[PDB]
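> Generate a structure from the sequence data that follows.
(2 chains)
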2 protein chains.
Amino acid sequence: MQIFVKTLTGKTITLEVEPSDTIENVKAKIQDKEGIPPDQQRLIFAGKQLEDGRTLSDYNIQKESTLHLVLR
Amino acid sequence: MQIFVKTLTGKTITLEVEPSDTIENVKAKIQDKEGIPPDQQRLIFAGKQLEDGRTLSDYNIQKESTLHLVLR
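Numbers count the residues shown, from 1 in each chain, chains lettered A, B, ... in the order given. Let me share the structure:
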């Protein structure tokens, strides 16, 4: 199912994410397509700045979700 | 070696720091001295916010260096 991770100035990472998916797994799915390693990926979604080892369900990330990505 | 970790809000935290000091090690010495826990602190040198496990030697933060501490 798709998520739209939006990297700052507009670079929108369309990712196919699993029903099983996890946040370091999603960082690996970004480290593909965008080439960005996990420290340099700081994600933001719904109230929360995100970490590394959590699920997508934890943060309430679902189908057609806009996440934001902060580089650094 | 003596550095001046200021806040923008008036305060100067005068610290004897190491050439081996990483930023969280300086943040731990700020936790000791002024009571502030680690990832509440953000260190600025000049106008750049710092990465974590890099040293004061890497950044060239030597003696008499004024750093600026903000909280977020």
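
> so residue A:68 bridges to which residues?
residue A:6, residue A:44 (DSSP bridges).

> I figured it hits residue A:6, correct?
Yes. Between residue A:68 and residue A:6 there is a contact under C-beta atoms under 8 Å: 5.1 Å. C-beta coordinates here come from the backbone N, C-alpha and C atoms, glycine included.

> Now do the same contact list for residue A:11.
residue A:34 (C-beta atoms under 8 Å, 6 or more residues apart in numbering or on different chains).

> cool, the one 4 residues further on as well?
Under the criterion of C-beta under 8 Å, 6+ apart, the neighbours of residue A:15 are A:2, A:3, A:5, A:26, A:29, A:30, A:33.

> show me where chain A has strands.
Here chain A has its strands, by DSSP state E, at A:2-7, A:11-16, A:41-45, A:48-49, A:65-71.

> just checking, residue A:19 touches residue A:61?
No. Using C-beta under 8 Å, residue A:19 is not in contact with residue A:61, being 11.3 Å away.
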